[PDB]
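Chains as they are written, first to last, in the authors' numbering: chain K, 2 to 133, 142 to 219; chain I, 1 to 133, 140 to 220; chain M, 3 to 216; chain O, 3 to 216; chain G, 71 to 223, 232 to 279; chain A, 70 to 224, 232 to 279. Even for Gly, the Cβ is constructed at its ideal location relative to N, Cα and C. Remarks on the structure that follows.
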Amino acid sequence: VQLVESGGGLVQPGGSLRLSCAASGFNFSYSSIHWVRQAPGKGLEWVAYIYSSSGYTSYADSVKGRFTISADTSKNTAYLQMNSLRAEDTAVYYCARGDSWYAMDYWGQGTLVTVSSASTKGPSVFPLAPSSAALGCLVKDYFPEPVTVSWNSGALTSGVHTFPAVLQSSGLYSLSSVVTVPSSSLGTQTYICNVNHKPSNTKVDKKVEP
Amino acid sequence: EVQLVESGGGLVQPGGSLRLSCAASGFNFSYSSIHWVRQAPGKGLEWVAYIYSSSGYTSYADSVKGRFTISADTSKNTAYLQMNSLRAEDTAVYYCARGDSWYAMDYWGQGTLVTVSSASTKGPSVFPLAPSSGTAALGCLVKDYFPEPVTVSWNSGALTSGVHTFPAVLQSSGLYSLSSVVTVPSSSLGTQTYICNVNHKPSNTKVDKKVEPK
Amino acid sequence: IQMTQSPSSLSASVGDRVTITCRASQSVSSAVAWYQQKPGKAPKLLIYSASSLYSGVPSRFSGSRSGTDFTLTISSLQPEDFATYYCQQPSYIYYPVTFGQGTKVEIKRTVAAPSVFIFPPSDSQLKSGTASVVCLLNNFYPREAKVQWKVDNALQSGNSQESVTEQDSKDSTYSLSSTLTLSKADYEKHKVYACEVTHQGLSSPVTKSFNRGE
Amino acid sequence: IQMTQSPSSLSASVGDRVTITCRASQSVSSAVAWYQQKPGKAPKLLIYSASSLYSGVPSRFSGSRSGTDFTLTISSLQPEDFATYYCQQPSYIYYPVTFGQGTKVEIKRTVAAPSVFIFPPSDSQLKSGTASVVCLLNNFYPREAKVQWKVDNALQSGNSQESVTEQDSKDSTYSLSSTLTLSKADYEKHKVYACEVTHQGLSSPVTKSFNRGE
Amino acid sequence: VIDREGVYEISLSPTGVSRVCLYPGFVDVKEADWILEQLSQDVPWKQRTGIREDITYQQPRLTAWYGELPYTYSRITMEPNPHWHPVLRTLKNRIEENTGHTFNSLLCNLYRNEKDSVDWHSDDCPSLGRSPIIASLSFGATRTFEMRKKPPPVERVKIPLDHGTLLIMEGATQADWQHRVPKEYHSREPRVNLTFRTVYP
Amino acid sequence: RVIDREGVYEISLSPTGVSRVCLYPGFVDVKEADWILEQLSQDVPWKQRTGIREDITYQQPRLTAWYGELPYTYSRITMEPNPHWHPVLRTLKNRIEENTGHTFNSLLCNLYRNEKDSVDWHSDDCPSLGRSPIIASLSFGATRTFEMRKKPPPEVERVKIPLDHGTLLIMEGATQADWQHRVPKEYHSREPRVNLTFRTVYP
DNA sequence: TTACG
DNA sequence: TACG
Ligand SMILES: O=C(O)CNC(=O)C(=O)O
Ligand SMILES: O=C(O)CNC(=O)C(=O)O
Ligand SMILES: [Mn+2]
Ligand SMILES: [Mn+2]
């Protein structure tokens, strides 16, 4: 029993995007279906629901007149049509279903939706070099989210802190991925950081040395 | 004195409307830019609108387009911000500002408070924060008034050292509540007498209450 | 919903040199302004045209443009230079105006743990159905100071609201008032009421308690 | 401009009793739900109908209603109860749905000072025209920590951005990366770059300077 | 027995035409389920006392009242609730938008099981006017709305009321007919009935 | 022949066809024109560019800047593309297009610092302007004279158009084929003038 | 396809 | 309202 959100991604201010939410393992029958959203580091914001048995809908104030929720019993799928999107609509959009009219007992994992003028761009990785201990990689100037950073392809995990990205004033994201290690090992063992940015299919491994 | 005065503020239900005016005195609103900028309690400046007074060209913040209209009356040296279908989040101090540039605002009015709320005007209840044990601390809890602002003095204005009047807080009920405290040498508890004086001018309510130990 | 943010905070001592940066990436214009605001007063203009000092502004204020980055520099602060500083982003003729987030410059001080006092509700208030328990944290630095309410050792949240005074002119400290509100029934279901305070200058949580009826 | 609040925080240790309150003034229904969310996962329904446990929710969870106030109580906190919690406002059939601000129960631990490191810009990035100086605050507690960038002993603000990791599962610490960015031109008009960290674990604020290219 | 959607003229005198209108499924099934649960938990239900001779008894049903003016029956005066539950306001508004009739008063009845009932009466108050239009929306278990015509100084009509059904009574129905909901002899689950009226000063 | 009133002027009808100029004084209001002059002086990336005539490398007696996605070559010198239009210039472009029915994709900006700055006799007849180009001219600052002379046939009619603060001039039809124009040096003091010439450049 | 005032 |  699962809900899968799809159709998210990247659009410009004013653009359109139609999210889909498929039910598998069960069927949306007399269920209430909701779209909730969550901006990075922020709380849940319910945006819309449909009572699937009757087709009755409700919408949040921040969103009314621009979004339309719908469902197809024929295809066991719900939809959120988002028009005139603005920057503050950027969030992870969750689909959730309801036995009740309000109690959401099953949730999808969420699609990310980014609303910006920026165009898809892979990151530039720069070393954070250990000095006279800790080291890392600055994953700089990418768009949209997300990005994955591992160390030594996976061998290195203990001591790693990969930080949440920051949205720079350019509309591009920047994070850093650091590791603390024994100073003794600096000359000996090699530290490569592995940076995947799937939205641009950019993979970059950079070796980090003093 | 090249002043600038706002009128038309106050309280309104959500969905209602106000008309702020800004009377230009001293100088002239002839070939300048007039801006309306608002500030919610504890928050930063939010530019609302401007007008180029010569051509009458206007610009509006997205948060406000379709609901507000800025205009100028050169004849009376008066600017206007018509605010329709006000939401709760339009609540702020609204400032009027002028510039000889299209952006640099050199003159500001002192701004009027605009409260958009379903609550109705209501004078405060004043309860005592009675001193007990510690270096002496005492105060008054000015609870369940509406709207802002409220003034608190201690002993008709004599006691001011050691006084902290805290920023009010908007309760879930829609009413405001604040606290004023003063610290005191515990030896004066026996001798000196302490009274908080509360003006809520929107309710035209004035309350003095005496704070003593139990 | 919040239209702007609350100002970021920078801590500096008198005579320090402060360069606030305002980022306006992709911008192609030097029509940038800087404003200063003090508690309860309207903003006053400091820099126009990115680098031109406004008529009658102290010469210690400087402003400059490097690429798409704009800077307001105070060469060495003085006591009345501690205020909130807003950058008005590049203003293009015919386009909207945008104020950046304020930067609140506050005076550094030696760490001072808060004075903690707890006030049980008035009998006046309980004779009307609501219990408000106040907890005062007095004359501390820095501003950050958490407060956790305990009711019969059950940690509370969502049922209290707090407020911080502006930085005191002379001792340079902050003060905090927190109010926990319950119904009279809820309040009379429990005996021990405590506010537990953590702060930089407190190696351990300071707890102030009272038992209902004492 | 933001549509939501950042979740508030509550510090608690295993075995503590926690009661989160959800005010719903002038509501007339008990159709209230409570949810749990851990980082990167979707919410889970904890409670429906104000007091009913959803299946698979331990019995240490309970929901209650007093008046218009709703409560979620964890009788004794287990390690997997440290998460963010949400209250869904009384949901009337046919009407919108409203989530309250989230409460994030983080775990208490001993004060732990950060290990501070500074990183100058790579030569690759300087070739590109920009310079990032990173300052890392590794494995520290509590969360509150002030980073202050200085360039030739001028305090910076507005040219850096920071980010904090979630509380670490193994040792309950946080980490912080602050990043100061300048143009290459602006980078090369200065010599000493220093991040000054202020934290409870530290006697006096530490500083991690470096002179350009050494 | 009347159980199909339609408009039915059940009598024409002495006061005039008595007309009742039945709309099964006016509220969809899942919404009616949800309404039943929410009104069962949220309505401030009370069991009130009537007086018939010189004695006071407990009504075999739970009740609640909404509206600015009161409802006094069996020497029971139901204090007026101004604050309508939002769901009840929505249902009031839907009935008004589709039927063309307005309402300012709502009586809510909860028949807990087969032992609950309301005895024979007509809705002929002076505060409800002369030819009153009354709307009935039902939720929960089906129960029977029985009607009997008064003799001049025995005609019977039965209307089963199922989950989500709207019934309108208008015309001379209150002057010329009485109605009740009888006790049953087999188990019944709870039923909520909403009767919307117009109350005058 | 002097044109200083708002109007539509057919300044010649042959040999190529009608040469048409349209004058709109006050197209930009006075206070906005003042502010535009300040912003464009302050914000436009003005440069004094070097020309080449008969092997002679000269500094043009004016500052210039170019906007648009396609390069621009005149007097043997090439102004490279600036696709990021200053927002004010984009707005003025849009106003000109809506109030005239003509579209543009290129903007040449000339700043005449004082009376010694000028542009010499020429026609705007590059092949990259296409046949019968439409050119829009918006002026800010001090008044300067746009002089025109009719080209003679294989083997002289003259028009002076003072261009004041906020004035829009449109040239269309055979104007570039049949006429030349310039902005002469002046002998009395002049404050700065900014001229915006909007044009369509082709691949 | 600029050196003039 | 006491009736199933
Ligand atoms: O329950 C029903 O359908 C009808 N109820 C009434 O007529 C009433 O309570 O007065
Ligand atoms: O400056 C003016 O008014 C006219 N300029 C031009 O025609 C040009 O630069 O090609
Ligand atoms: Mn009846
Ligand atoms: Mn030309």
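Please list the terminal residues of the continuous beta strand (DSSP E) segment that includes residue i.
i, result
"K:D150", "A143 to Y151"
"M:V118", "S117 to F121"
"M:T100", "Note, M:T100: premise wrong, no beta strand (DSSP E); not H, not E."
"K:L113", "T112 to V116"
"residue 224 of chain G", "The residue list of chain G ends a segment at 223 and starts the next at 232, so residue 224 of chain G has no coordinates to report."
"G:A253", "Not the beta strand (DSSP E): G:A253 falls in the alpha helix (DSSP H), residues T251 to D254."
"G:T119", "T119 to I121"
"M:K152", "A147 to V153"
"G:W135", "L132 to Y136"
"K:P128", "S125 to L129"
"A:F274", "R269 to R275"
"M:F142", "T132 to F142"
"G:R89", "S88 to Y93"
Residue range of the alpha helix (DSSP H) that residue i falls in?
i, result
"O:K186", "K186 to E190"
"K:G196", "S194 to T197"
"A:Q111", "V99 to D112"
"K:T166", "Element bounds for K:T166: n/a, residue is neither H nor E."
"M:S126", "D125 to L128"
"G:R164", "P156 to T169"
Which whole-angstrom value is the C-beta distance of residue i and residue j, which I expect to be below 8 Å?
i, j, result
"I:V37", "I:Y95", "5 Å"
"G:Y141", "G:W135", "5 Å"
"O:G42", "O:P116", "Rounded, the Cβ-Cβ distance is 24 Å, inconsistent with contact."
"K:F152", "K:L184", "Going by Cβ atoms, the distance from K:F152 to K:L184 rounds to 12 Å, so no, they are not a contact pair."
"I:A143", "M:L138", "6 Å"
"O:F212", "K:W47", "At roughly 48 Å, the Cβ-Cβ gap does not stay under 8 Å, so O:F212 and K:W47 are not in contact."
"G:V90", "G:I246", "7 Å"
"G:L92", "G:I237", "7 Å"
"K:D106", "O:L47", "5 Å"
"G:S265", "G:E184", "6 Å"
"M:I95", "A:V277", "25 Å between Cβ atoms; not a contact."
Please confirm whether any heavy atom of ligand 6 lies closer than 6 Å to the CB of residue i.
i, result
"G:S88", "Absence of ligand 6 from the depicted structure is noted, with ligand 1, ligand 2, ligand 3 and ligand 4 being the only ligands included."
Within the chosen definition, does the segment 148-157 of chain K reach the segment 172-183 of chain K through at least 3 CB pairs nearer than 8 Å?
-> Look at the beta carbons and you see the segment 148-157 of chain K touching the segment 172-183 of chain K: at least three pairs across the two are nearer than 8 Å.
Contact between the segment 194-214 of chain I and the segment 39-55 of chain M: three or more CB pairs below 8 Å?
-> Because the criterion of three Cβ pairs below 8 Å is not met, the segment 194-214 of chain I and the segment 39-55 of chain M do not touch.
Pocket of ligand 3 defined by Cβ to heavy atom distance under 6 Å | Going along the chain, the residues that qualify are G:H191, G:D193 and G:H257.
Is the segment 187-195 of chain K touching the segment 21-40 of chain I in the sense that three or more CB pairs, one from each, lie closer than 8 Å?
-> By the C-beta criterion, the segment 21-40 of chain I is judged not to be in contact with the segment 187-195 of chain K, since fewer than 3 inter-stretch pairs fall below 8 Å.
Stretch pair the segment 9-17 of chain I + the segment 45-62 of chain I: three plus CB contacts closer than 8 Å = Taking 8 Å as the limit for Cβ pairs, the verdict is that the segment 45-62 of chain I does not touch the segment 9-17 of chain I.
Spell out a yes or no on whether the segment 3-23 of chain M and the segment 154-161 of chain O are touching, meaning 3 or more CB-CB pairs, one atom from each, closer than 8 Å.
-> Enough Cβ pairs lie closer than 8 Å, so yes.
Would you be able to state if there are at least three C-beta pairs under 8 Å between the segment 116-135 of chain O and the segment 69-84 of chain O?
-> The segment 69-84 of chain O, when compared against the segment 116-135 of chain O, does not touch it at the 8 Å Cβ threshold.
Given 8 Å as the limit, is there contact between the segment 25-43 of chain O and the segment 169-180 of chain M, that is, 3 or more CB pairs closer than that?
-> No: the two stretches stay apart, fewer than three of their Cβ pairs being nearer than 8 Å.
At 3 residues or longer, and completely inside the segment 24-81 of chain I: list those beta strand (DSSP E) runs for me, N to C.
-> Counting whole runs of 3 or more residues, the segment 24-81 of chain I contains the beta strand (DSSP E) stretches 33-39, 45-52, 57-60 and 68-73.
Would you say the segment 73-90 of chain O touches the segment 76-89 of chain K, given that touching needs at least three Cβ pairs under 8 Å?
-> Of all C-beta pairs linking the segment 73-90 of chain O to the segment 76-89 of chain K, fewer than three are shorter than 8 Å, placing the two stretches out of contact.
Kindly provide the ranges of any beta strand (DSSP E) runs that are 3 or more residues long and lie completely inside the segment 56-97 of chain M, ordered along the chain.
-> Segments of the beta strand (DSSP E) lying fully in the segment 56-97 of chain M: 63-68, 71-76 and 86-90.
Taking 8 Å as the threshold, find out whether the segment 143-157 of chain O comes into contact with the segment 9-16 of chain M through three or more Cβ pairs.
-> Contact holds: three or more Cβ-Cβ distances are below 8 Å.
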